[PDB]
Each structure stands twice: as structure tokens, then as C-alpha cells.
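A lone chain, given as C-alpha cells: the form deposited in one PDB entry.
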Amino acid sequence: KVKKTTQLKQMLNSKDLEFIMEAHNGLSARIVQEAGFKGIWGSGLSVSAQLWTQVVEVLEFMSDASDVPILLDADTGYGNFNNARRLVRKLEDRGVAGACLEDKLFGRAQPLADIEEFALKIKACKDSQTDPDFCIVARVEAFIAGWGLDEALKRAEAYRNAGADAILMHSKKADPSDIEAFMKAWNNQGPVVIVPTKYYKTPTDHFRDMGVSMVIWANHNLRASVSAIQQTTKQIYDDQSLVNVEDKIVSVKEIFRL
């Protein structure tokens, strides 16, 4: 069997556009695996549970419930260098395949982490790893914060030079213009991961043409689940009956299977 860390690293470096899907708990992680996805984006754990110590607990469950690699959407646990190094060790021990760290410190002109400090933090994470294939993805918020292409490129290069296995270049525009500008200036210095949530009408083949390495479908299972629960609860509250929901939900047998 191939270690999950190795599985993720192979995906980040492959010649094809890869895809990972959001999962926010044990059950959704299982569903994402059963669907055929080669990896999971671990995110929305806190909202699901309504909440670092507690977050790591859920991952162990998600990890134990799946065979495919989980890349963690980390936004806590790396406040200083000692914590960042400890975070890598904890995730490694729980079967998590990688962690995505962000330089965001929050929309124009909003602050970002000191470039040297964040690059140094990426390096510390890489030095902390015991599994050579554990992945550290560095997310750049330069475009979102209104700093232009120059700043985005400067940060992507600094983080890749520090050892990041991939750069997650983000943008909140409705079109992929920031990503296109970056890919052109980047000259393929390393794998690039994107989150097309806001520019979702972009044809996916366009990402292939740009040479993007991986696409993350970031929060749709959580959003779908909330919609379904809200609609189902309202329907039953109003009808005081199950007749209008019984045919739109899975059988109890499917639950028994799960």
C-alpha cells in the first residue's frame, strides 16, 4: 500500500489536473471516498461541530474513515514556530497527508504575514517532518488583499524556495484573470493549487491549459448539507408530517450501511 502522504505528493506533482473534495466529518469523508475522489480537503470541521485540540480529534476520525489522503485547510495551530513544528508532528501521527498554511492576516490593502517570517515558518514545518512525503502547501493571499501580481509572485517564490510542496494561489474574482496572470509570471517553478469557488463558471479545461496542478472543491458538501437540513427541518415543521420528505432522502438501510 502507498502511504497517504506519498499519494498526495504524487498528485501535486503529476502531469494531470487533479481534484480533491471537501469533507467536514467522518461520514462525509467516507462519502467522498466512495465517490471516487483521490483526495479530501479537510475543512469546515469547526462549523460542523459548532466549535486545535478538538479539531485534531475530528481529523483522526476522518483519517480513520478514509484511505485517500486528506490535505488540511489549517487556520490555527501555527501561531509561532514551536506550534507550527508541533502541528506537523501531530498531523503526521494521525495519518493526515498534508497541511495548507495561509499568509492571510485579515478588503484591499489588508495585511499579510511578514514574508520572511512566513517563509521561515514553511521551512520550520519541512524540517519538523518525520515522513519525507508529508506535504506543506502554502496559500498566498496577495491578490485577495489587493496587492498585485508582483507581491503574489514574490510570496509564491519565497514560499516555494522555503520548501513548500505546492503554492495555493487564491483569488476572489468571478473570472480567473489573477490566476492566469500568475501562471504566466510563474514559469512553472512548482505545483500550483487553486480554489475556484468564486470564478466557478470558468471551464475546467482552461485550468488544464494554464498548467494548474490541482483544483480544490472547497466547501460544497458542507453547503449542500446545510441546505438539505434547513429545507427538511422547515418542511417537517410546517407540514407536521414526513410525507413530503420521505422520497427526497436516503433510506434508513443506506444509513444502516453507513
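Under this definition, the rigid core comprises the largest set of C-alpha atoms superposing within 1.5 Å between the forms. Residues carry their position along the shown sequence, with the first being 1.
Chemist: Can you tell me how many deposited residues have no coordinates between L51 and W52? The categories are none, 1 to 3, 4 to 9, and 10 or more.
Modeler: 4 to 9 residues are missing.
Chemist: Which fits the stretch between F106 and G107: none, 1 to 3, 4 to 9, or 10 or more deposited residues lacking coordinates?
Modeler: Missing residues, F106 to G107: 4 to 9.
Chemist: If you average the Cα B factors in the entry, which is higher, 191 to 199 or 32 to 40?
Modeler: If you average the C-alpha B-factors of 32 to 40 and of 191 to 199, the larger mean comes out for 32 to 40.
Chemist: Taking only the CA atoms, which stretch has the higher mean B-factor in the record, 2 to 10 or 248 to 256?
Modeler: Stretch with the higher mean C-alpha B-factor: 248 to 256.
Chemist: Go through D165, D175, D73, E92 one by one and give the residue whose Cα B-factor in the PDB entry is largest.
Modeler: Comparing C-alpha B-factors across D165, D175, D73, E92, the top value belongs to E92.
Chemist: Highest CA temperature factor in the entry: which of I229, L222, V56, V212?
Modeler: It is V56.
Chemist: Quick one: classify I144 as lowest, middle or highest third of the chain based on its Cα B-factor.
Modeler: CA B-factor rank for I144: highest third.
Chemist: Grab the CA temperature factor for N82 from the record and place it in the lowest, middle or highest third of its chain.
Modeler: For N82, the deposited C-alpha B-factor lands in the middle third.
Chemist: For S171, does the deposited CA B-factor place it in the lowest, middle or highest third of the chain?
Modeler: For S171, the deposited C-alpha B-factor lands in the lowest third.
Chemist: Grab the CA temperature factor for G98 from the record and place it in the lowest, middle or highest third of its chain.
Modeler: Bottom third by C-alpha B-factor.
Chemist: Going by what the PDB entry lists, where does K154 fall on CA B-factor within its chain: lowest, middle or highest third?
Modeler: Middle third.
Separately, the form deposited in another entry exists; it is not shown, and the next lines address it.
Chemist: Give the option from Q33, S225, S46, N219 whose C-alpha shifts by 2 Å or more between this form and the one not shown; the alignment is on the rigid core.
Modeler: Flagged residue: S46.
Chemist: Is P176 displaced by at least 2 Å at its C-alpha between this form and the one not shown when the rigid core is overlaid?
Modeler: No, because once the rigid core is superposed, the C-alpha of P176 moves less than 2 Å between this form and the one not shown.
Chemist: Using the rigid core as the reference frame, would you say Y78 shifts its C-alpha by 2 Å or more between this form and the one not shown?
Modeler: Yes: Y78 shifts by at least 2 Å between this form and the one not shown.
Chemist: Versus the form shown, are the CA atoms of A138 and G77 closer or farther apart in the other entry, given a shift of 3 angstroms or more?
Modeler: The answer is closer, because the C-alphas of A138 and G77 approach each other in the other entry by 3 Å or more.
Chemist: Where do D93 and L45 end up in the other entry, Cα atoms closer or farther than shown, with a change of 3 Å or more?
Modeler: Result: farther.
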